[PDB]
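**Student:** these are from a larger complex, still in place; more later:
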Amino acid sequence: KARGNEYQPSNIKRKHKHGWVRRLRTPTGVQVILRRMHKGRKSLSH
Amino acid sequence: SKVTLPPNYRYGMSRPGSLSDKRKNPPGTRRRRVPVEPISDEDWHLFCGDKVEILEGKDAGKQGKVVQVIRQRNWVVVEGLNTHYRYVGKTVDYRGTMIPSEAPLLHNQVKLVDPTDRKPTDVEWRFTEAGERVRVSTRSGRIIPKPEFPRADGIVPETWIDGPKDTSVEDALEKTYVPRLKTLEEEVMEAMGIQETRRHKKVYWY
Amino acid sequence: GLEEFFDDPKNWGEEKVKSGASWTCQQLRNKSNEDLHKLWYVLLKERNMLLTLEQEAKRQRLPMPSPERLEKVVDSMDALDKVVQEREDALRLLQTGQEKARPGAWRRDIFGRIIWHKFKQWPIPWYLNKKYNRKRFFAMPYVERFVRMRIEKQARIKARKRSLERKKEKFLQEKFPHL
Amino acid sequence: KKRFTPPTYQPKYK
């Protein structure tokens, strides 16, 4: 009833959803890594 | 240790790792790039320790000794000829020890002095029949020896005393190498009598 | 033998301590392999003492007496490592002729780059490894467009660099018309 | 409808 705190931290969930391993398991995920490498991002993924 | 510098930097007769340089140039600033005419390492005929003559300034025609050279900005510093006065000891209730300080000079305002005639003369590098690169004058045509100057360490190898942890010259130059076809691992193992019987199994590399 | 971490007591309060030059590369080539092994530990005991003194200097908020000793010792360590390695690769070339001591081969990763893949030690072959068989060494067709884009980005970076050098040469000539 | 325009934040570097 008081929104604004939708982010509840959790390392298990964060590394399972946005981790480096998951990014390389799906063909669409690899393209996300390729786009960030081309753009010059400092952190490709969590 | 080597200190990294920003791509654009200004040199002011202070070493990069000095507190004076940090006070003058904070890490968060960058200034205008001064125009410096490129001189290759093979075209820099001015070293430290050779007498030179100053052409332009408040003092003209005087000769002095080069003490410091700034290769980055092509500067030669004479020993107390083109001098301006500053104060060193400063505190709340006292000032003093007025010490003259020498301003930098460019290469175009300084010409090397030949030993014999003691006059400025253009110098060009020449390759003699002995294989040594010796500076050669234009007018007189006499070669000029290199200006041997003491190193920054201030230690003369001629007068030195070996300390408790200093190796003698005889032992340093002593040769004991017997060039056999065994690695350092094999020689030390057989030197101390270390005996190993079993051998490693097969390991797959991929 | 725990006092070896500290210098002799006569030298604790000295503000400046003198030391000799570091070992050069040429001098260590004349020493035997047995000799280098013993010299490594002599350097090792010296380096531990210098690190202890350096840390104690920060604790006491006082400058380290003659800090250049540590710089000389670490240079001697690197020279000793170089010469022994110069004997290992030379002996390896005679016996086997391989340039590198760790096996590897050039591979193309999923990102399309060329990566020198070093090998690892395993007790089972490549086809019986669960973890190894999950890694992929090949480029999918969609990587072709992204590989092409990296070439364009590098080409523009070099193109900008080359044009920058030309501009400086013209600019310096105007302010220095000595020709 | 439930008309509502959420506010924006000034960038922190300012």
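**Tutor:** Done, it's in. Residues are numbered from 1 along each chain as shown, chains lettered A, B, ... in the order given.
**Student:** how about the residues of chain C near chain A?
**Tutor:** Residues of chain C lying close to chain A (C-beta under 8 Å from any C-beta of the partner chain) are C:110-112, C:140, C:142-143, C:146, C:149-150, C:153. In short, each C-beta sits where N, CA and C put it, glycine included.
**Student:** ok, 7 Å please
**Tutor:** Applying C-beta under 7 Å from any C-beta of the partner chain, we find that chain C lies next to chain A at C:110-111, C:140, C:142, C:146, C:149-150.
**Student:** among those residues, which ones are buried?
**Tutor:** Using 16 or more other C-beta atoms under 10 Å in any protein chain shown as the burial test, the residues of chain C next to chain A include C:110-111, C:146 as buried.
**Student:** one step back: looking at the residues of chain C next to chain A, which is nearest residue C:55?
**Tutor:** Of all the residues of chain C next to chain A, residue C:111 has the smallest distance to residue C:55: 43.2 Å, by C-beta to C-beta.
**Student:** quick check, the closest one in a strand?
**Tutor:** No. Secondary structure assignment places residue C:111 outside any strand; it is coil (DSSP: H, G, I helix; E, B strand; the rest coil).
**Student:** which residues touch it?
**Tutor:** For residue C:111, the contacting residues are A:34, A:37, C:143, by C-beta atoms under 7 Å, 6 or more residues apart in numbering or on different chains.
**Student:** repeat that for 8 Å
**Tutor:** Residue C:111 makes contact with A:30, A:33-34, A:37, C:139, C:143, C:146 under the criterion C-beta atoms under 8 Å, 6 or more residues apart in numbering or on different chains.
**Student:** measure it to residue B:163 for me?
**Tutor:** Distance from residue C:111 to residue B:163, counting by C-beta to C-beta, to the nearest Å: 57 Å.
**Student:** and the residue of chain D that's closest to chain A?
**Tutor:** Closest residue of chain D to chain A, C-beta to the nearest C-beta: residue D:6 (11.0 Å).
**Student:** hmm, I was thinking of chain B
**Tutor:** Residue nearest to chain A within chain B (C-beta to the nearest C-beta): residue B:7, separated by 18.3 Å.
**Student:** let's bring in chain E now:
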Amino acid sequence: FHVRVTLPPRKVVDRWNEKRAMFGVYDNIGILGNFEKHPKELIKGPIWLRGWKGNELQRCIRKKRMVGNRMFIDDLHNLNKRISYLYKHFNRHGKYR
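**Tutor:** So, slotting chain E in with the rest:
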């Protein structure tokens, strides 16, 4: 509207350098050379603009025809959008029609 308070260093331009003295020397090569080389064979510049003239639309179309296959990916896409916008603007917009 603040203007500079110091006089700039006056540019000493020499009217008789190599470029200005020899400017437009061989403009009459065809007239006085048995018509062996047209003056358009002296233009230095882009490949697709040597001896050619046109408006903005005809220039972009011409560039895509000649050096289109040699351009980069990002440059090629930007050229296509410029062609489409000019095509729509020139034909479907304006006052005199």
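**Student:** please look at the contacts of residue C:111 again, because chain E has been put in.
**Tutor:** Residue C:111 touches A:30, A:33-34, A:37, C:139, C:143, C:146, counting by C-beta under 8 Å, 6+ apart.
**Student:** tell me which of these fall in strands.
**Tutor:** Secondary structure from DSSP state E places none of those in strands.
**Student:** most neighbours out of those, which is it?
**Tutor:** Of all the contacts of residue C:111, the highest neighbour tally under other C-beta atoms under 10 Å in any protein chain shown goes to residue A:34, namely 21 neighbours.
**Student:** roughly how far apart are the spatially closest residue to that residue that is not a sequence neighbour and residue C:110?
**Tutor:** Closest residue in space to residue A:34, ignoring its immediate chain neighbours: residue C:146 at 4.4 Å, by C-beta to C-beta, 6 or more residues apart in numbering or on different chains. Distance of residue C:146 to residue C:110, computed by C-beta to C-beta: 11 Å.
**Student:** rewinding a little: hang on, the residue nearest to residue A:34 packs against residue A:33?
**Tutor:** No. In this structure, residue C:146 is not within contact of residue A:33 by C-beta atoms under 8 Å, at 9.6 Å.
**Student:** taking the centroid of chain A, which residue is nearest it?
**Tutor:** Geometric centre of chain A, nearest residue: residue A:18, 2.8 Å, by C-alpha atoms, centre = their mean.
**Student:** list the helices and strands the helix of greatest length in chain E packs on?
**Tutor:** In chain E, taking DSSP state H as the definition, the longest helix is helix E:73-92. Secondary-structure packing of helix E:73-92 (3 or more C-beta pairs under 8 Å, 6 or more residues apart in numbering or on different chains; DSSP states H and E): helix C:143-175, helix E:56-67.
**Student:** just checking, residue C:112 touches residue C:145?
**Tutor:** No. Using C-beta under 8 Å as the test, residue C:112 is too far from residue C:145 to be in contact (9.6 Å).
**Student:** the two: who's more crowded?
**Tutor:** Ranked by neighbour count (other C-beta under 10 Å), residue C:112 and residue C:145 place residue C:112 first, with 19 against 12.
**Student:** skipping adjacent residues, who's closest to the residue of chain C found nearest chain E in space?
**Tutor:** Residue of chain C nearest chain E, by C-beta to the nearest C-beta: residue C:152 (4.4 Å). Distances taken as C-beta to C-beta, 6+ apart place residue E:72 nearest to residue C:152, at 4.4 Å, with adjacent residues excluded.
**Student:** chain F comes next; put it on the structure above:
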Amino acid sequence: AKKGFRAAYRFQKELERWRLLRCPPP
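**Tutor:** Same chains as before, plus chain F:
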């Protein structure tokens, strides 16, 4: 830095006017 010289020099005409007003000549 706007290119040009007329703007730079015309202001020097104004700087002289201000100096005379502040410090009139004998």
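**Student:** since we added chain F, can you redo the contacts of residue C:111?
**Tutor:** Counting by C-beta under 8 Å, 6+ apart, residue C:111 touches A:30, A:33-34, A:37, C:139, C:143, C:146.
**Student:** list phi and psi for residue C:80.
**Tutor:** Main-chain torsions, residue C:80, degrees, to the nearest 10: phi -70, psi -40.
**Student:** OK, contacts around it?
**Tutor:** C:23, C:28, C:36, C:39-40, C:43.
**Student:** 6 Å instead, please
**Tutor:** Applying C-beta atoms under 6 Å, 6 or more residues apart in numbering or on different chains to residue C:80 gives the contacts residue C:28.
**Student:** what residues does chain B have near chain C?
**Tutor:** When proximity is defined as C-beta under 6 Å from any C-beta of the partner chain, chain B approaches chain C at B:35, B:37, B:166, B:172, B:175-177, B:183-184, B:187-188, B:191, B:203-206.
**Student:** of those residues, closest to residue E:92?
**Tutor:** Within the residues of chain B next to chain C, proximity to residue E:92 (C-beta to C-beta) peaks at residue B:35, which comes in at 54.2 Å.
**Student:** so how far is residue C:168 from the residue nearest to that closest one when sequence neighbours are not counted?
**Tutor:** Nearest residue to residue B:35, sequence neighbours excluded (C-beta to C-beta, 6+ apart): residue C:175, at 4.8 Å. Per C-beta to C-beta, residue C:175 is found 11 Å from residue C:168.
**Student:** higher neighbour count, these two?
**Tutor:** More neighbours surround residue C:168 than the other of residue C:175 and residue C:168, with 12 against 9 (other C-beta under 10 Å).
**Student:** what sits opposite residue B:102 in the beta ladder?
**Tutor:** Beta-bridge pairing for residue B:102 (DSSP bridges): residue B:83.
**Student:** burial check on it, number of neighbours?
**Tutor:** Applying other C-beta under 10 Å, we find 17 residues neighbouring residue B:102.
**Student:** dump the residue contacts of it.
**Tutor:** Contacts for residue B:102 (C-beta under 6 Å, 6+ apart) come out as B:77, B:80, B:82-83.
**Student:** just want the residue of chain A that's nearest chain E.
**Tutor:** Distances between chain A and chain E by C-beta to the nearest C-beta are smallest at residue A:38, namely 10.9 Å.
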